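Participant: Any chance you can model this:
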Amino acid sequence: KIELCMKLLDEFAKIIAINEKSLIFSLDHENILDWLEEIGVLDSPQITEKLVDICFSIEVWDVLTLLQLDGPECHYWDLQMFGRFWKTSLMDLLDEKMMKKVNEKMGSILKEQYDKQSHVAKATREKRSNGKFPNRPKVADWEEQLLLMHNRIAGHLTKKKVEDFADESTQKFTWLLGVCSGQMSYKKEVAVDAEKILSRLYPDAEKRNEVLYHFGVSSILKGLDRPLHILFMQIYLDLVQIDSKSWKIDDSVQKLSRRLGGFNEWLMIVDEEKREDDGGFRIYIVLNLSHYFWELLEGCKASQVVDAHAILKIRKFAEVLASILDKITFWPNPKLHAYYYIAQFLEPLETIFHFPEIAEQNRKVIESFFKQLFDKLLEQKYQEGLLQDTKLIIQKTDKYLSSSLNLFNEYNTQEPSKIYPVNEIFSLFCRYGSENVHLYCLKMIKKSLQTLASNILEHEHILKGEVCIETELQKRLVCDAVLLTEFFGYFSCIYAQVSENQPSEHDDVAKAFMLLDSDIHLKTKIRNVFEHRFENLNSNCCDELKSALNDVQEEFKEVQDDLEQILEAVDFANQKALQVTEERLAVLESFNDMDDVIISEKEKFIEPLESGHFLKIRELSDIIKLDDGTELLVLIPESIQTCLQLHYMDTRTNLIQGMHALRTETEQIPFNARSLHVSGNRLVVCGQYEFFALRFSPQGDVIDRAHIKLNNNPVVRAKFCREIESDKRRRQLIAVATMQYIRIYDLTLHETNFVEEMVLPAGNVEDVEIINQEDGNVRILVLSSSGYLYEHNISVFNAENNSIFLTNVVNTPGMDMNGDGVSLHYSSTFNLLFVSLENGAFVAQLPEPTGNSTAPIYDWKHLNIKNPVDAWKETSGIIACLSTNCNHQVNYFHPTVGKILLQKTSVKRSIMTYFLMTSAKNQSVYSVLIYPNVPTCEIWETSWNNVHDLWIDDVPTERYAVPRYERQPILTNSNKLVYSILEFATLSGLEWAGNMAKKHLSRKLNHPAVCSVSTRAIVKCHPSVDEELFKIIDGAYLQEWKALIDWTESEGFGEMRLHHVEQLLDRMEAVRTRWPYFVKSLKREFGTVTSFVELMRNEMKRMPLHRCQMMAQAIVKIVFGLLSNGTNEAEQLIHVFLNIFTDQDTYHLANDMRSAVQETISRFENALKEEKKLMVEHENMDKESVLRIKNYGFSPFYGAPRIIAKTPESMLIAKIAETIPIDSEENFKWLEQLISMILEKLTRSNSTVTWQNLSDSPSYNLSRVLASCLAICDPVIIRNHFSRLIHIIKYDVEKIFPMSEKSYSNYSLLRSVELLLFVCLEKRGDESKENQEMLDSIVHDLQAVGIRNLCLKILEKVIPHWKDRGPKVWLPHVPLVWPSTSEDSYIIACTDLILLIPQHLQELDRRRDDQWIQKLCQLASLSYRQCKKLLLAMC
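Facilitator: Residues are numbered from 1 along each chain as shown. Please find the structure below.
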């Protein structure tokens, strides 16, 4: 019968715990203790357990009643622990703010559960409840019975005096502890009885309160095992923080763990069941407490005075953490983000190691902790769980299919930012690990290297960038590569910590010959790729470490073939990434037939990035690119409409930081601006009736302006024309639309005159598109009001007001349905035309032109869109447009092979404006939306997981802080792996490292770090500096130069090629230390030096006109060096160097090269003037302290002198370049040849080439370079060459004036004479005897020849023309910052020369003709300052 009562009371407890009505309540259960007395089983000890179970169930029922919740939607233990959470003395210690917080949170979750429920029980609850929390709802009748019998239970709970409750491991003891402190349902009599029995159990009060507190926290902890958990976590942290203020300095770790709950026993439960399905609550608690104490510690670090209490707190928590460290390793869930929390373990170790005493007393624990931590990295289940994780996603782009192996998004805001932070874990190992940890790690790496390499090579076909990553097995590849990389890096770091050799000779060679790019930029500390610090290593026990390292090195001999194979695969991937021509051709050709094209809206290729606060017609903002990578944003302000806002932003180091730091400027505009358009580098502002045009400089400063004022016909649209780099004739065509007509303005012909005007027959314009064909003809398509599309093409260009009736109509889209036309767009990259009408949109491929009389046939495809769309923008492969009937949605188009990806996005706010932009790091496409309110801007980006960058013409770059800042390509994971392999090889096996480094030397296919380690490896391989080392290096450089031929325009990447040529030009300098070897390499590669100079000349033309100065300087420097050092092709080399000036394809560049020479000569002086001073200081010094280089290359032309101090690296250089006595004089025979052939070129040049500007003529530049060269020769040389030049002049006057072929040659020679006199003038300061003798000889020669008479004859013919006939159009290129005809300019130039010559003759001749003064005064009256100064000097 006893078992029957056990079952009855158990069923009673279960049924009440679920709040379910049963017939038992109708009985008089208040005297249930009477019932048991009827049978007589009240003496049964086994029934009291079920009685206290009944009491517990009634308690949780009471908690449910107070909560006003009802229903068994929460487990029994949750509510039970929530009951123990109440007004019990555990919350006598809590403060008001946390009380408000917890009340608010439980109210919010209760309200959420409430609105989760249906209506009927909602009405029942609302009727039942008289108030919200914490007021108890209304009291019914049956709860009174339940409570009354609950309190009456106390009668059976006598159970003798103390002996029943002496057993601590009983349920009745837990109940007794619960009633003693604060259980609400129990009345005060029961509470005082419970307090009395506890006093009998524990006479003292200290242990009483200790066990009460421990029970409370252990209950709050044990309740968190079987899923409001976040709130309970938070209040646990709050209770711990409160209690931490009462910890004594002499407390034991066991007592402190007791105060925290059952902490030591809670974390020591290592069982499979506990690990399975746990939410990692233990590590959450440990990390939260550790992070709070770490924030406290780091806050106390910066203070000036140490706070004893805070230090005591941190110390006690550190002791606890040290005691428990060896247990927390087991808990991280392999199927969760185990590695993230493994990395997050950094703070507890930091605060443990802040105190050296704790770390010293706990050494074995720390070592075992780190050993298991490392063992976790190679465990199979952990790796499989990480692979199966849904947050591990590998980036996939269009060029690099998956070869980049990128797994980190810097702009992802989710909690697991770094799912696989192996580097942070290894850095922690390096920072705090001891010697034994390093030994274990080295052994494990040695064992695992071969398997890791084989697993990598299993997926070589996917490391080569041929296919993408699909399955979860293939992701293993990434989990290998990173791991392998880190292993090697770790090895290298430990080597640098334990071995001290520093040979200093390889560094000496690399510094002397400047083979390293960073050293070149320094001479014209560094941070390594892997940086780990060691703080717990002892140097007295190094030897065994060395042994381990040696073992690892031997392992490298067994795995080198696989490493070479993966290096080959990665190089193949890098080379393949830059070949995009065929993909683009296929994409463009795929649109030829409209029968095989679809529109897909299933792919989301644009995703939001971030909303920030940085700053009808919606074309109010646009962007312009600058040369140095900075960006200029132009926009129309709202407050003032008579100004234009310009913002300079620097987003090549970070987008967010770059947009934060803005440079604001205001440009005043005459009128209010309605619309804004930008093409390339110029912009058009559309006002009410007039419009404005601006053109900017490459530095971002405004250069050119043009204000144009034009029934009713206001301005509708206006846009520039697409410019072509191939078109030398740069026409600034702009099309302006008005409701009746289209006008075309050409800012290179006339500002107030339009080339053409076309008026619509019976319609209204809505949009106009202008297209610049390659032939030169310009196509224009205009969208009428009815929807008709009219196409015209222009072939002849004249600034004549012509009017045309538009009568060419193409097959209109949507036959017999077309609404009112809305917009037109033309994508030049894809050769596509978008037409947006009222009823929908259409796309077509622009067909080849046929004529001005017929009409072409268009094939149209519907874009699966109906609403009208107006504002269009285009960037790298990406088209965007703004729908007009709605103020929230944007549409994005991306054409792929035979399809057009479409995405329609909507934003919750009304949009003001937007603009597209290609990232300054060249890795994604951004779209910035500008709003009026406080969140001023939002930024969207191309989706990270699948980036569509087929049409981006650069590789990702960054401004890395090597503060020094350098533009370097992004270091992918594959290249990091390659660099790690190479560095480990240079450390371990030198022959293999040298053999492999010779393959990775091209700078256009490899990261700078890879090239640097390859050069270091090659240097180390050759210990004796010979011709072979420089032969290898300069062969790589010269092949890089030679490869420029194949990199034509259709090959794609344009900006990368430009920066690549700049890099080559910067690297050219270092050759000056090995000149004979470089000459030999040049001869063996190109055959002849003239071929190399021809290649440089060919590359000069392709460069933009405002950047060609650097390579002109390079050509001048190399030619001068070759001539100075002596070559057997001097004649042909000078021949081509001069032919550059006068050739049909290069004469426009003459003005550049002259300036280049005028720089080089100056640099030459900066050499010579230096060397002379060294001759002085060395006069009273030992002869064995300086050296003179006899084969200096072009070192003087670079400003470096030929006299260098005697140092070991100088000895290295002199061993190669040879030396001569320091006091040796100079030789200028090469200059003699240069001048002689320049003079011959001037004389034999073909004349009668008319010019509008004489300062840009080739012959003027040749004369100027002759003068600059003669300014440094020996005085006897000047005398000889000037005397030779003088006698070539023919002084016949009728034979040289008007137009004769000899006339222009004579003019050129006379100009040369004037320039040489100008040069000779400044030498009057020199007081040398030879200088005076040469000056007097030249003056006497000029007097004897008698050119002043010739000046009179020329002036006598010049003046009559001045008496007879004598008294803002944009340039094709951006301007850097009377007369009427060719004859008039020729006469002006003749006057200038023929007046300048006698003035210089008079000035130089420091030892009154009537005709002279008469002609001078007369011509002065006709004209000016030259005449006045000439008469003034005559007087």
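
Participant: Residue 783 - nearest residue in space that isn't next to it in sequence?
Facilitator: residue 821 (4.0 Å; C-beta to C-beta, 6 or more residues apart in numbering). Heads up, the C-betas are built off the backbone N, CA and C, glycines and all.

Participant: For the stretch 401-550 of the chain, which segments are assigned as helices?
Facilitator: Ranges of helices within the stretch 401-550 of the chain are 422-432, 435-457, 460-463, 476-498, 505-512, 517-523, 542-556, based on DSSP state H, counting those that start in this stretch.

Participant: which outside residues touch the shortest one?
Facilitator: By C-beta atoms under 8 Å, 6 or more residues apart in numbering, the list of residues contacting helix 460-463 from outside reads 402-403, 405, 456, 467-469, 474, 477, 565-566, 569-570, 573, 974.

Participant: Residue 841: which of those is nearest?
Facilitator: Closest approach to residue 841 among the contacts of helix 460-463 (C-beta to C-beta): residue 468, at 32.1 Å.

Participant: Next one: that closest one relative to residue 900, how far apart?
Facilitator: Computed with C-beta to C-beta, to the nearest Å, the distance linking residue 468 and residue 900 is 22 Å.

Participant: Quick check on these two: which one has the bigger neighbour count.
Facilitator: Between residue 468 and residue 900, residue 900 has the larger neighbour count (other C-beta atoms under 10 Å), namely 21 against 15.

Participant: now that one, what's its secondary structure?
Facilitator: strand (DSSP: H, G, I helix; E, B strand; the rest coil).

Participant: next one: residue 565
Facilitator: helix.

Participant: and the closest residue to it other than its chain neighbours, what is it in contact with?
Facilitator: Excluding the flanking residues, the one nearest residue 565 by C-beta to C-beta, 6+ apart is residue 457, at 6.0 Å. Contact partners of residue 457, counting by C-beta under 8 Å, 6+ apart, are 562, 565, 566.

Participant: For those, which ChimeraX command selects only the ones that are buried?
Facilitator: Here is the ChimeraX command that picks out the buried ones among the contacts of residue 457, judged by 16 or more other C-beta atoms under 10 Å:
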select :562,566
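
Participant: what's the closest of the contacts of residue 457 to residue 233?
Facilitator: residue 566 (46.3 Å).

Participant: quick one: contacts for that closest one?
Facilitator: Residues in contact with residue 566, defined by C-beta under 8 Å, 6+ apart, are 453, 456, 457, 460, 463, 977, 981.

Participant: Kindly report the same for residue 1263.
Facilitator: Contacts of residue 1263 by C-beta under 8 Å, 6+ apart are 1242, 1308, 1311, 1312, 1315.

Participant: Phi first, then psi, for it.
Facilitator: Backbone geometry at residue 1263, expressed as degrees, to the nearest 10, gives phi -60, psi -40.

Participant: Give me the nearest residue to it, chain neighbours excluded.
Facilitator: residue 1312 (4.1 Å).

Participant: Tell me the spacing between the residue nearest to residue 783 and residue 813.
Facilitator: Look at residue 821 and residue 813: by C-beta to C-beta, they are 9 Å apart.

Participant: And those two? Which one has more around it.
Facilitator: Neighbours per residue (other C-beta under 10 Å) separate residue 821 from residue 813, with residue 821 holding more: 26 against 23.

Participant: does that one have beta-bridge partners, and which?
Facilitator: residue 837 (DSSP bridges).

Participant: Max pairwise distance over the contacts of residue 566: which two?
Facilitator: The span of the contacts of residue 566, defined through C-beta to C-beta, is set by 460 and 981 at 14.5 Å.

Participant: so residue 866 touches residue 839, yeah?
Facilitator: Yes: assessed by C-beta atoms under 8 Å, residue 866 is found in contact with residue 839 at 6.5 Å.

Participant: Count the residues that sit near residue 587.
Facilitator: Each residue near residue 587 was counted by other C-beta under 10 Å, and the total is 18.

Participant: before we move on, back to that, return the residues in contact with the residue nearest to residue 1263.
Facilitator: 1242, 1263, 1266, 1267, 1285.

Participant: what about the first one, which SS state?
Facilitator: When the structure is reduced to helix, strand and coil (three-state DSSP), residue 1242 reads as helix.

Participant: Next one: it from residue 1257, what distance?
Facilitator: The value you get for residue 1242 to residue 1257, if C-beta to C-beta is used, is 12 Å.

Participant: and these two? which has more neighbours close in?
Facilitator: Of the pair residue 1242 and residue 1257, residue 1257 is the one with more neighbours under other C-beta under 10 Å, namely 22 against 19.

Participant: so the residue nearest to residue 783 sits right up against residue 768, yeah?
Facilitator: No: between residue 821 and residue 768 no contact is recorded; they are 11.0 Å apart, counting by C-beta under 8 Å.

Participant: Can you pull the residues that touch both of the two?
Facilitator: Contact criterion C-beta under 8 Å, 6+ apart; residues shared by residue 821 and residue 768: residue 783.

Participant: what's residue 1285 in contact with, if anything?
Facilitator: Per C-beta under 8 Å, 6+ apart, neighbours of residue 1285: 1239, 1309, 1312, 1313, 1316.
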